[PDB]
Structure formats: structure tokens, C-alpha cells
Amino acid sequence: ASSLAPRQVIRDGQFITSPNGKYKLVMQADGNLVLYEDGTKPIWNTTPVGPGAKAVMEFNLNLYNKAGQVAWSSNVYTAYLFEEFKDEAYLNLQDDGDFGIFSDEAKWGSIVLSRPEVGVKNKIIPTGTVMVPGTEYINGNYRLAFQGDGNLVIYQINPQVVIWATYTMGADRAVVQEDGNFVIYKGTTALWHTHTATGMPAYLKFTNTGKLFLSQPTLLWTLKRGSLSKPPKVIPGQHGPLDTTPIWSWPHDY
């Protein structure tokens, strides 16, 4: 795990580790949140608040002492801290040892929403994913399938019901692009797309409620760079089954 999901809590020796293995962020039993290099050299810390402490990803990364007070915080500079942001924001620790907080807004959906769904669980489909006939994803009682015929379809599994579909007949592939657009293709012809080309890479969220959203990463803060007012271009990191969030990396200088 190189990341923290929204609301995720770490404590009592729990940690995350950069993709390359070199950096480790650990919430120690003594209540000190520490960044280690090569498992032996502490390069940054909050300093300890004592036992019974925890750190939690809730828009900010916040460190709580046993008395429930906030002893350290990322202190991300936003103007409006909507309590629905706390279920959306996640954290990556990257290969140069910097760590950063993302809160991404949806840019496209298979359906327009009245209001967020509560306790929805998302299957991340990351940047550079190339779907191909026979590709499918299962999340709960819903199936997302790129089919032989080229249709991208969401099915309710039980009972079988079509919930949504692109009707892109003949398409050969579907691509979650680095430019921020999700596009379905016959050869080089775009049959369908999400109109989300922004130069910021895309990922998809397929829900256990039978819906599909495209978001793009919005880096808000890093330990080394403090709060950011504009979001810098990031690059997709290595996404596998162990990771519950998108994975990103961001450059050293500008």
C-alpha cells in the first residue's frame, strides 16, 4: 500500500510505503508520525503525542492524540471544507519521499446525480487502461463489460438487466487516456467519448450501484510543496490489485 483511502485510519505501527520501497510513512505506537528512508533514517516527523494516537485521512491528514484532539494536520488550504470532501480525498506517498493529498471532482458520469450516493464503493480503473473485447469488471451486483460487438455495457448481474450502454457497435478498444478523456475507438476513429480532454489524466470509477464516473487528479497539497492553488500535472504511478486509490507521481521542480 502506497496510499491512504478516504477515512482510512492508521495507528500503532501501521504504515504505507512508496512504490519503489525506499520511503515508509508510519504512525508509531508512541504517537509519532514518521517518514523513514531505507527503513533506518527518519527524515521527517510530527514528533510524538503519546500512546493511543492515530492518524486519519479525512480531507486533511490529521493526527489525533488519545484525548481526541488534533495534534498535527496537513492543514490544506481550501476555502470551503465540505464534509462530503472527507469521503473523497486520498493520499499518495511517492518514490522521492514526498507525499500528497488529492481531492478529485467528477468530470463525467453515466448518469447525472441529485446528490452523492452514501457508502458507495468504487472500483478504480486507472489511467492507460485499454479495454478490449471480453474485458469486464464486477463490483457487487453490477458488471461493466467491453463486448465483442464493441458495446460498452453496465449490467445488473442478478437479475440480468441492462443499466447503461454506449451503443458503440464495431469498436475495438476503449481507452482511459492521459489527456483526461475516455474514448472508444474503431481503429483511429472515435465512436464515442466523454468530452473530458483537459491535459490531466483520467481514471474511471465503476460503482457497486451500477454507475460509471470519470475523474481527474487534483493535487491539493504535499509535504514538500505545501498547499497548491493550481493543480500540477501528475503522472500515473503503478496501479495493481493491492491499491484502493489512484496512484500518482508529481515532478521535483516546475
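In case it trips you up, residue 1 is the first one in the sequence shown, and so on.
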item: Mean C-alpha B-factor comparison - 70-78 and 142-150, higher one; value: 70-78
item: Per the entry, higher mean C-alpha B factor between 129-137 and 109-117; value: 109-117
item: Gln160 by Cα B-factor - lowest, middle or highest third of the modelled chain; value: highest
item: B-factor third for the C-alpha atom of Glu58 within its chain; value: middle
item: Modelled-residue ranking by C-alpha temperature factor, third containing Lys205; value: lowest
item: CA B-factor placement of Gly199, once the chain's modelled residues are sorted into thirds; value: highest
item: Where the record places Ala1 (Cα B-factor, split into thirds across the chain); value: highest
